[PDB]
Protein chains: 2
Amino acid sequence: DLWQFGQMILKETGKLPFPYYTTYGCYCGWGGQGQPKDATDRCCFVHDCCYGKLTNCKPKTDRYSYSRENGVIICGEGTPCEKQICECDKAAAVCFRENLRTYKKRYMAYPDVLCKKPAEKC
Amino acid sequence: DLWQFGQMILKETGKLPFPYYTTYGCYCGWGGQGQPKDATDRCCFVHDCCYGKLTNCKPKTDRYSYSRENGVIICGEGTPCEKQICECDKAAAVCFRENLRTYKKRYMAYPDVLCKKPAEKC
Ligand SMILES: [Ca+2]
Ligand SMILES: [Ca+2]
Ligand SMILES: [Ca+2]
Ligand SMILES: [Ca+2]
């Protein structure tokens, strides 16, 4: 579920989702309505894509099993939906971490007015 | 700033902003575009209002001083903007807490499609 996604983001990035991810840029922080401005910003678009492929799942509310004991997110047992949701969430939290180097504090609470309409597709 | 707002929300509600507040309902979780669905949901609308009154401030990025030593948020010294931002943030975190009793888990990630256009005004 979203609370597990939150915890993954924290564990991978050492940052809490709010305000660092939830308000970032034109896609994370504008609810999906603008073209991703940078890589961090696209991570959310990819995550939205990975959720869209799960037509038979409830990725926001289904609770999966994962372990992070040894520094690595390990997706555990559960239903096929739960596993697939977990993998969407892991992959996004990893993407945020891999892209800390280009993370810009300026894109936080970025004014929506400057956001362009969506262009990439899943 | 938003990170301080985040910490106030956590301290008052015992919940992290994401996903409990950032995705709630039609105003908190839909970036301000729908009519608040309930009281928790209006708290965000009031907070948006309190920020709007601060035409001469940067409420998202200005860092104020507050203390929560004794269970109560005490807004400290700083510029008049910093004080006023702090009071906006305190008042919203208190509103969320006062309204935990009517908090509905269903409004988390509420489908935007069912959201009505804004009606109340600041
Ligand atoms: Ca980036
Ligand atoms: Ca990042
Ligand atoms: Ca409520
Ligand atoms: Ca509440």
# chains A, B, ... in the order shown; residues from 1 in each chain; ligands from 1

call {"tool": "calpha_fit_and_write", "arguments": {"fixed": "chain B", "moving": "chain A", "output": "compact mmCIF listing (two decimals) with N, CA and C atoms, in the first residue's frame"}}
result
# COMPACT_ATOMS: atom_id res chain seq x y z
N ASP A 1 9.16 26.44 6.66
CA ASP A 1 9.08 25.79 5.32
C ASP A 1 8.23 24.50 5.33
N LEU A 2 8.04 23.87 4.16
CA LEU A 2 7.23 22.66 4.08
C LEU A 2 7.74 21.50 4.98
N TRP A 3 9.07 21.39 5.12
CA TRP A 3 9.64 20.34 5.96
C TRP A 3 9.24 20.58 7.42
N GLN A 4 9.16 21.83 7.83
CA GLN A 4 8.69 22.11 9.22
C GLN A 4 7.26 21.86 9.33
N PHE A 5 6.47 22.25 8.32
CA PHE A 5 5.04 21.89 8.31
C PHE A 5 4.81 20.38 8.47
N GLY A 6 5.59 19.59 7.70
CA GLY A 6 5.60 18.15 7.80
C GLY A 6 5.82 17.65 9.22
N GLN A 7 6.87 18.16 9.86
CA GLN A 7 7.18 17.74 11.21
C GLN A 7 6.06 18.13 12.18
N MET A 8 5.37 19.25 11.95
CA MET A 8 4.26 19.65 12.86
C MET A 8 3.11 18.70 12.73
N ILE A 9 2.83 18.31 11.48
CA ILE A 9 1.74 17.41 11.18
C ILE A 9 2.07 16.14 11.90
N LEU A 10 3.29 15.65 11.72
CA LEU A 10 3.62 14.38 12.40
C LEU A 10 3.43 14.45 13.94
N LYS A 11 3.92 15.54 14.54
CA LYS A 11 3.92 15.70 15.97
C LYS A 11 2.53 15.86 16.56
N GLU A 12 1.60 16.45 15.81
CA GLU A 12 0.26 16.65 16.29
C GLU A 12 -0.62 15.43 16.04
N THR A 13 -0.43 14.76 14.89
CA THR A 13 -1.34 13.69 14.48
C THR A 13 -0.79 12.32 14.80
N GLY A 14 0.49 12.24 15.13
CA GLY A 14 1.17 10.94 15.13
C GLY A 14 1.12 10.23 13.78
N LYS A 15 0.74 10.92 12.68
CA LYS A 15 0.81 10.29 11.34
C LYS A 15 1.77 11.10 10.49
N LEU A 16 2.51 10.45 9.57
CA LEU A 16 3.32 11.19 8.57
C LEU A 16 2.42 11.83 7.51
N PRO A 17 2.82 13.01 6.97
CA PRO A 17 2.01 13.60 5.91
C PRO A 17 1.66 12.69 4.76
N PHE A 18 2.62 11.93 4.22
CA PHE A 18 2.32 10.95 3.20
C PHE A 18 2.12 9.60 3.80
N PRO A 19 1.08 8.87 3.38
CA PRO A 19 0.01 9.17 2.43
C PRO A 19 -1.21 9.70 3.18
N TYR A 20 -1.09 9.83 4.48
CA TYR A 20 -2.29 10.12 5.30
C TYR A 20 -2.88 11.48 5.02
N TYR A 21 -2.07 12.53 4.92
CA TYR A 21 -2.60 13.85 4.54
C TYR A 21 -2.46 14.22 3.05
N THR A 22 -1.31 14.02 2.44
CA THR A 22 -1.09 14.45 1.05
C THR A 22 -2.06 13.85 0.02
N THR A 23 -2.64 12.67 0.29
CA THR A 23 -3.55 12.01 -0.68
C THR A 23 -5.02 12.05 -0.21
N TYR A 24 -5.29 12.75 0.89
CA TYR A 24 -6.66 12.75 1.43
C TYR A 24 -7.65 13.59 0.64
N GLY A 25 -8.69 12.93 0.15
CA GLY A 25 -9.92 13.61 -0.24
C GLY A 25 -9.79 14.41 -1.51
N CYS A 26 -10.47 15.56 -1.54
CA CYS A 26 -10.63 16.31 -2.81
C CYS A 26 -9.89 17.62 -2.87
N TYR A 27 -9.38 18.06 -1.73
CA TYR A 27 -8.59 19.25 -1.67
C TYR A 27 -7.13 18.96 -1.26
N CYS A 28 -6.87 18.26 -0.13
CA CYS A 28 -5.51 17.92 0.28
C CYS A 28 -4.82 17.12 -0.89
N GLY A 29 -5.51 16.10 -1.40
CA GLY A 29 -4.93 15.08 -2.23
C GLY A 29 -5.12 15.29 -3.70
N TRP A 30 -5.80 16.36 -4.07
CA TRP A 30 -6.06 16.67 -5.47
C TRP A 30 -5.56 18.10 -5.73
N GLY A 31 -4.58 18.53 -4.95
CA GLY A 31 -3.85 19.76 -5.24
C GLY A 31 -4.66 21.03 -5.19
N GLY A 32 -5.83 20.96 -4.55
CA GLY A 32 -6.67 22.15 -4.33
C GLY A 32 -7.84 22.32 -5.28
N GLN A 33 -8.10 21.30 -6.11
CA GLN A 33 -9.02 21.46 -7.25
C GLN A 33 -10.44 21.06 -6.98
N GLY A 34 -10.67 20.36 -5.88
CA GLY A 34 -12.03 19.95 -5.52
C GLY A 34 -12.49 20.58 -4.23
N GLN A 35 -13.82 20.67 -4.05
CA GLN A 35 -14.44 21.04 -2.78
C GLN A 35 -14.09 20.08 -1.64
N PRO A 36 -13.57 20.62 -0.54
CA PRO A 36 -13.29 19.76 0.62
C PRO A 36 -14.45 18.82 0.94
N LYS A 37 -14.15 17.54 1.19
CA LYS A 37 -15.20 16.50 1.32
C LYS A 37 -15.62 16.37 2.76
N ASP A 38 -14.73 16.77 3.66
CA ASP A 38 -14.94 16.65 5.09
C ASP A 38 -14.03 17.65 5.86
N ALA A 39 -13.94 17.53 7.18
CA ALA A 39 -13.24 18.54 7.98
C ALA A 39 -11.71 18.45 7.82
N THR A 40 -11.15 17.27 8.05
CA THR A 40 -9.72 17.03 7.68
C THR A 40 -9.39 17.69 6.35
N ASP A 41 -10.21 17.43 5.36
CA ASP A 41 -10.04 17.95 4.01
C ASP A 41 -10.08 19.49 3.92
N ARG A 42 -11.01 20.12 4.62
CA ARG A 42 -11.00 21.57 4.72
C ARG A 42 -9.77 22.13 5.42
N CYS A 43 -9.15 21.37 6.35
CA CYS A 43 -7.98 21.93 7.07
C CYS A 43 -6.93 22.38 6.07
N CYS A 44 -6.81 21.63 4.98
CA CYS A 44 -5.81 21.94 3.96
C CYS A 44 -6.23 23.19 3.21
N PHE A 45 -7.55 23.37 3.03
CA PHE A 45 -8.09 24.53 2.29
C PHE A 45 -7.83 25.79 3.11
N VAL A 46 -7.96 25.65 4.43
CA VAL A 46 -7.75 26.80 5.34
C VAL A 46 -6.29 27.13 5.35
N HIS A 47 -5.47 26.09 5.33
CA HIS A 47 -4.03 26.29 5.31
C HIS A 47 -3.66 27.00 4.03
N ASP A 48 -4.27 26.64 2.93
CA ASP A 48 -3.97 27.27 1.65
C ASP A 48 -4.38 28.74 1.73
N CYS A 49 -5.56 29.00 2.31
CA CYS A 49 -5.99 30.36 2.58
C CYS A 49 -5.00 31.19 3.44
N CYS A 50 -4.52 30.61 4.55
CA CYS A 50 -3.64 31.31 5.47
C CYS A 50 -2.35 31.64 4.71
N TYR A 51 -1.81 30.70 3.92
CA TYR A 51 -0.67 31.03 3.01
C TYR A 51 -0.99 32.16 2.01
N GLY A 52 -2.19 32.16 1.43
CA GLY A 52 -2.56 33.21 0.45
C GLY A 52 -2.55 34.64 1.00
N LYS A 53 -2.75 34.79 2.32
CA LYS A 53 -2.84 36.09 2.94
C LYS A 53 -1.44 36.68 3.11
N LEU A 54 -0.42 35.84 2.91
CA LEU A 54 0.94 36.24 3.13
C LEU A 54 1.59 36.55 1.79
N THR A 55 1.07 37.60 1.18
CA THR A 55 1.52 38.08 -0.13
C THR A 55 2.99 38.47 -0.17
N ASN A 56 3.48 39.00 0.95
CA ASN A 56 4.88 39.40 1.08
C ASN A 56 5.83 38.30 1.62
N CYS A 57 5.37 37.07 1.73
CA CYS A 57 6.19 35.99 2.29
C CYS A 57 6.45 34.84 1.32
N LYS A 58 7.38 33.98 1.69
CA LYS A 58 7.65 32.75 0.96
C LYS A 58 7.41 31.58 1.90
N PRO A 59 6.12 31.16 2.03
CA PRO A 59 5.81 30.31 3.15
C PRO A 59 6.33 28.89 2.95
N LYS A 60 6.60 28.52 1.70
CA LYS A 60 7.08 27.17 1.41
C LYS A 60 8.55 26.96 1.71
N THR A 61 9.31 28.03 1.69
CA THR A 61 10.75 27.91 1.74
C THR A 61 11.35 28.66 2.88
N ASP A 62 10.58 29.55 3.50
CA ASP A 62 11.12 30.29 4.64
C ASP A 62 11.05 29.39 5.86
N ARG A 63 12.16 29.34 6.59
CA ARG A 63 12.37 28.51 7.73
C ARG A 63 12.17 29.39 8.97
N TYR A 64 11.23 28.99 9.81
CA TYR A 64 10.95 29.69 11.04
C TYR A 64 11.58 29.00 12.30
N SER A 65 11.27 29.48 13.51
CA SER A 65 11.69 28.85 14.76
C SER A 65 10.45 28.43 15.54
N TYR A 66 10.37 27.17 15.95
CA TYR A 66 9.32 26.74 16.86
C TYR A 66 9.90 25.74 17.83
N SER A 67 9.23 25.57 18.96
CA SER A 67 9.55 24.61 20.03
C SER A 67 8.31 23.71 20.22
N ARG A 68 8.51 22.42 20.51
CA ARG A 68 7.41 21.47 20.83
C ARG A 68 7.82 20.67 22.07
N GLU A 69 8.72 21.27 22.83
CA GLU A 69 9.30 20.60 23.99
C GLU A 69 8.25 19.91 24.88
N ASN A 70 7.21 20.66 25.28
CA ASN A 70 6.23 20.23 26.31
C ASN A 70 4.87 19.78 25.79
N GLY A 71 4.85 19.19 24.59
CA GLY A 71 3.58 18.70 24.00
C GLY A 71 2.79 19.74 23.21
N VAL A 72 3.22 21.00 23.30
CA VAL A 72 2.51 22.08 22.61
C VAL A 72 3.44 22.78 21.66
N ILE A 73 2.98 23.03 20.42
CA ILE A 73 3.76 23.82 19.45
C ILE A 73 3.78 25.29 19.87
N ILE A 74 4.98 25.79 20.14
CA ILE A 74 5.18 27.17 20.51
C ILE A 74 5.98 27.85 19.41
N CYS A 75 5.36 28.81 18.73
CA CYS A 75 6.02 29.53 17.64
C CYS A 75 6.98 30.55 18.24
N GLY A 76 8.22 30.54 17.77
CA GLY A 76 9.26 31.34 18.42
C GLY A 76 9.58 32.65 17.70
N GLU A 77 10.78 33.17 17.94
CA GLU A 77 11.22 34.43 17.35
C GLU A 77 11.64 34.21 15.92
N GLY A 78 11.63 35.30 15.18
CA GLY A 78 11.96 35.31 13.76
C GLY A 78 11.33 36.54 13.18
N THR A 79 11.34 36.63 11.86
CA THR A 79 10.76 37.79 11.18
C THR A 79 9.22 37.76 11.27
N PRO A 80 8.54 38.89 10.96
CA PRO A 80 7.08 38.78 10.98
C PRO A 80 6.55 37.72 9.98
N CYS A 81 7.18 37.59 8.82
CA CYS A 81 6.76 36.55 7.89
C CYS A 81 6.90 35.17 8.52
N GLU A 82 8.06 34.92 9.12
CA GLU A 82 8.39 33.59 9.72
C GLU A 82 7.38 33.20 10.81
N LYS A 83 7.04 34.15 11.66
CA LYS A 83 6.03 33.97 12.69
C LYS A 83 4.71 33.63 12.13
N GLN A 84 4.33 34.33 11.06
CA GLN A 84 2.98 34.19 10.46
C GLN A 84 2.86 32.87 9.70
N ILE A 85 3.98 32.48 9.06
CA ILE A 85 4.03 31.18 8.39
C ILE A 85 3.87 30.04 9.44
N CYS A 86 4.71 30.09 10.48
CA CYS A 86 4.62 29.18 11.64
C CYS A 86 3.19 29.04 12.20
N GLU A 87 2.48 30.14 12.31
CA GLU A 87 1.08 30.12 12.83
C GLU A 87 0.12 29.46 11.84
N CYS A 88 0.35 29.68 10.52
CA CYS A 88 -0.42 28.95 9.53
C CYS A 88 -0.18 27.46 9.69
N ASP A 89 1.11 27.07 9.76
CA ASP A 89 1.42 25.65 9.88
C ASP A 89 0.93 25.00 11.22
N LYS A 90 1.07 25.69 12.32
CA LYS A 90 0.59 25.19 13.59
C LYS A 90 -0.90 24.96 13.47
N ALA A 91 -1.60 25.93 12.89
CA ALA A 91 -3.06 25.86 12.95
C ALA A 91 -3.58 24.71 12.12
N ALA A 92 -2.86 24.37 11.06
CA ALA A 92 -3.29 23.27 10.21
C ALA A 92 -3.00 21.96 10.91
N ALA A 93 -1.79 21.79 11.45
CA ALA A 93 -1.50 20.55 12.15
C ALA A 93 -2.52 20.33 13.34
N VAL A 94 -2.86 21.39 14.07
CA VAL A 94 -3.87 21.29 15.15
C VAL A 94 -5.24 20.85 14.61
N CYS A 95 -5.65 21.40 13.46
CA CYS A 95 -6.90 21.08 12.79
C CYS A 95 -6.93 19.64 12.41
N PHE A 96 -5.83 19.11 11.83
CA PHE A 96 -5.82 17.70 11.51
C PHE A 96 -6.07 16.87 12.82
N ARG A 97 -5.31 17.15 13.87
CA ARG A 97 -5.46 16.43 15.14
C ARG A 97 -6.88 16.53 15.65
N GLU A 98 -7.42 17.75 15.74
CA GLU A 98 -8.79 17.92 16.32
C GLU A 98 -9.81 17.10 15.53
N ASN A 99 -9.50 16.81 14.27
CA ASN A 99 -10.43 16.09 13.40
C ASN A 99 -10.05 14.66 13.09
N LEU A 100 -9.11 14.07 13.83
CA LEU A 100 -8.87 12.59 13.76
C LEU A 100 -10.14 11.72 13.95
N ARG A 101 -11.02 12.10 14.88
CA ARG A 101 -12.29 11.40 15.06
C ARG A 101 -13.13 11.19 13.80
N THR A 102 -13.21 12.16 12.90
CA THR A 102 -13.94 11.92 11.65
C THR A 102 -13.01 11.48 10.47
N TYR A 103 -11.74 11.27 10.76
CA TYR A 103 -10.80 10.78 9.66
C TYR A 103 -11.24 9.45 9.04
N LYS A 104 -11.39 9.40 7.71
CA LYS A 104 -11.85 8.21 7.00
C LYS A 104 -10.73 7.68 6.14
N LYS A 105 -10.37 6.41 6.29
CA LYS A 105 -9.28 5.81 5.50
C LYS A 105 -9.65 5.77 4.01
N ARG A 106 -10.95 5.72 3.72
CA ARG A 106 -11.46 5.69 2.34
C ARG A 106 -11.17 6.91 1.50
N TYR A 107 -10.96 8.04 2.15
CA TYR A 107 -10.74 9.26 1.40
C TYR A 107 -9.29 9.36 0.92
N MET A 108 -8.44 8.46 1.42
CA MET A 108 -7.05 8.38 0.97
C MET A 108 -7.09 7.94 -0.48
N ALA A 109 -6.43 8.70 -1.34
CA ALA A 109 -6.27 8.36 -2.75
C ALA A 109 -7.66 8.31 -3.41
N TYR A 110 -8.55 9.16 -2.90
CA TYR A 110 -9.89 9.25 -3.36
C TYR A 110 -9.89 9.55 -4.85
N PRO A 111 -10.72 8.82 -5.60
CA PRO A 111 -10.73 9.05 -7.05
C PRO A 111 -11.22 10.45 -7.42
N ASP A 112 -10.38 11.23 -8.10
CA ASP A 112 -10.65 12.66 -8.40
C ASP A 112 -11.95 12.92 -9.16
N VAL A 113 -12.37 11.88 -9.90
CA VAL A 113 -13.54 11.87 -10.78
C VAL A 113 -14.81 12.25 -9.99
N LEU A 114 -14.85 11.85 -8.73
CA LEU A 114 -16.02 12.09 -7.90
C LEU A 114 -15.98 13.46 -7.18
N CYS A 115 -14.83 14.14 -7.29
CA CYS A 115 -14.64 15.46 -6.70
C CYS A 115 -15.42 16.53 -7.44
N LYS A 116 -16.15 17.35 -6.68
CA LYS A 116 -16.86 18.54 -7.20
C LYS A 116 -15.95 19.79 -7.22
N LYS A 117 -16.24 20.73 -8.10
CA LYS A 117 -15.52 22.02 -8.16
C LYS A 117 -15.64 22.85 -6.86
N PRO A 118 -14.62 23.68 -6.57
CA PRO A 118 -14.54 24.46 -5.31
C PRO A 118 -15.71 25.39 -5.10
N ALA A 119 -16.12 25.55 -3.85
CA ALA A 119 -17.30 26.34 -3.53
C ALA A 119 -17.02 27.33 -2.42
N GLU A 120 -16.41 26.89 -1.32
CA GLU A 120 -16.08 27.81 -0.21
C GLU A 120 -15.02 28.81 -0.66
N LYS A 121 -14.92 29.96 -0.02
CA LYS A 121 -13.86 30.93 -0.35
C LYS A 121 -13.22 31.37 0.96
N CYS A 122 -11.92 31.67 0.90
CA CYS A 122 -11.10 32.05 2.06
C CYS A 122 -11.67 33.21 2.86

call {"tool": "select_by_dssp", "arguments": {"residues": "range 18-78 of chain B", "states": "alpha helix (DSSP H)", "output": "ChimeraX atom specification"}}
result
/B:18-20,39-52

call {"tool": "write_last_selection", "arguments": {"atoms": "N, CA and C atoms", "output": "PDB file, in the first residue's frame"}}
result
ATOM      1  N   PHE B  18       2.619  11.934   4.217  1.00  0.00           N
ATOM      2  CA  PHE B  18       2.315  10.954   3.200  1.00  0.00           C
ATOM      3  C   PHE B  18       2.118   9.602   3.802  1.00  0.00           C
ATOM      4  N   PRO B  19       1.079   8.871   3.378  1.00  0.00           N
ATOM      5  CA  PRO B  19       0.009   9.167   2.432  1.00  0.00           C
ATOM      6  C   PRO B  19      -1.213   9.701   3.182  1.00  0.00           C
ATOM      7  N   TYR B  20      -1.086   9.835   4.478  1.00  0.00           N
ATOM      8  CA  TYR B  20      -2.289  10.123   5.305  1.00  0.00           C
ATOM      9  C   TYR B  20      -2.878  11.482   5.021  1.00  0.00           C
ATOM     10  N   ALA B  39     -13.937  17.532   7.185  1.00  0.00           N
ATOM     11  CA  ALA B  39     -13.236  18.537   7.983  1.00  0.00           C
ATOM     12  C   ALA B  39     -11.708  18.446   7.825  1.00  0.00           C
ATOM     13  N   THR B  40     -11.146  17.269   8.049  1.00  0.00           N
ATOM     14  CA  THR B  40      -9.720  17.026   7.684  1.00  0.00           C
ATOM     15  C   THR B  40      -9.392  17.692   6.347  1.00  0.00           C
ATOM     16  N   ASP B  41     -10.213  17.429   5.357  1.00  0.00           N
ATOM     17  CA  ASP B  41     -10.039  17.953   4.007  1.00  0.00           C
ATOM     18  C   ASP B  41     -10.080  19.491   3.918  1.00  0.00           C
ATOM     19  N   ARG B  42     -11.009  20.117   4.618  1.00  0.00           N
ATOM     20  CA  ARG B  42     -11.001  21.570   4.719  1.00  0.00           C
ATOM     21  C   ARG B  42      -9.775  22.128   5.422  1.00  0.00           C
ATOM     22  N   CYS B  43      -9.152  21.371   6.353  1.00  0.00           N
ATOM     23  CA  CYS B  43      -7.984  21.931   7.066  1.00  0.00           C
ATOM     24  C   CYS B  43      -6.928  22.383   6.070  1.00  0.00           C
ATOM     25  N   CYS B  44      -6.810  21.631   4.982  1.00  0.00           N
ATOM     26  CA  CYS B  44      -5.812  21.941   3.961  1.00  0.00           C
ATOM     27  C   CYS B  44      -6.235  23.194   3.206  1.00  0.00           C
ATOM     28  N   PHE B  45      -7.546  23.367   3.028  1.00  0.00           N
ATOM     29  CA  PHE B  45      -8.086  24.529   2.293  1.00  0.00           C
ATOM     30  C   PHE B  45      -7.833  25.787   3.106  1.00  0.00           C
ATOM     31  N   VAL B  46      -7.965  25.646   4.429  1.00  0.00           N
ATOM     32  CA  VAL B  46      -7.750  26.804   5.344  1.00  0.00           C
ATOM     33  C   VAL B  46      -6.287  27.133   5.352  1.00  0.00           C
ATOM     34  N   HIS B  47      -5.471  26.091   5.328  1.00  0.00           N
ATOM     35  CA  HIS B  47      -4.033  26.291   5.312  1.00  0.00           C
ATOM     36  C   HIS B  47      -3.655  27.004   4.028  1.00  0.00           C
ATOM     37  N   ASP B  48      -4.274  26.639   2.932  1.00  0.00           N
ATOM     38  CA  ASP B  48      -3.969  27.269   1.648  1.00  0.00           C
ATOM     39  C   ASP B  48      -4.381  28.742   1.728  1.00  0.00           C
ATOM     40  N   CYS B  49      -5.558  28.999   2.315  1.00  0.00           N
ATOM     41  CA  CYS B  49      -5.993  30.356   2.585  1.00  0.00           C
ATOM     42  C   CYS B  49      -5.003  31.193   3.438  1.00  0.00           C
ATOM     43  N   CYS B  50      -4.523  30.609   4.547  1.00  0.00           N
ATOM     44  CA  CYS B  50      -3.639  31.310   5.469  1.00  0.00           C
ATOM     45  C   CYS B  50      -2.346  31.640   4.706  1.00  0.00           C
ATOM     46  N   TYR B  51      -1.806  30.698   3.920  1.00  0.00           N
ATOM     47  CA  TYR B  51      -0.671  31.026   3.012  1.00  0.00           C
ATOM     48  C   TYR B  51      -0.992  32.157   2.010  1.00  0.00           C
ATOM     49  N   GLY B  52      -2.194  32.155   1.428  1.00  0.00           N
ATOM     50  CA  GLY B  52      -2.560  33.210   0.447  1.00  0.00           C
ATOM     51  C   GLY B  52      -2.551  34.637   1.002  1.00  0.00           C
TER      52      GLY B  52
END

call {"tool": "select_by_dssp", "arguments": {"residues": "chain B", "states": "strand (DSSP E)", "output": "number ranges by chain"}}
result
B: 66-67, 74-75

call {"tool": "write_last_selection", "arguments": {"atoms": "N, CA, C and O atoms", "output": "PDB file, in the first residue's frame"}}
result
ATOM      1  N   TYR B  66      10.373  27.170  15.951  1.00  0.00           N
ATOM      2  CA  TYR B  66       9.317  26.742  16.865  1.00  0.00           C
ATOM      3  C   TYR B  66       9.902  25.743  17.828  1.00  0.00           C
ATOM      4  O   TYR B  66      10.950  25.138  17.532  1.00  0.00           O
ATOM      5  N   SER B  67       9.229  25.572  18.964  1.00  0.00           N
ATOM      6  CA  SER B  67       9.547  24.610  20.025  1.00  0.00           C
ATOM      7  C   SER B  67       8.312  23.708  20.223  1.00  0.00           C
ATOM      8  O   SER B  67       7.195  24.172  20.078  1.00  0.00           O
ATOM      9  N   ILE B  74       4.984  25.792  20.135  1.00  0.00           N
ATOM     10  CA  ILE B  74       5.177  27.166  20.514  1.00  0.00           C
ATOM     11  C   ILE B  74       5.975  27.848  19.414  1.00  0.00           C
ATOM     12  O   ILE B  74       7.122  27.489  19.162  1.00  0.00           O
ATOM     13  N   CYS B  75       5.359  28.813  18.735  1.00  0.00           N
ATOM     14  CA  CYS B  75       6.024  29.532  17.644  1.00  0.00           C
ATOM     15  C   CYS B  75       6.981  30.549  18.243  1.00  0.00           C
ATOM     16  O   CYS B  75       6.627  31.305  19.136  1.00  0.00           O
TER      17      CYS B  75
END
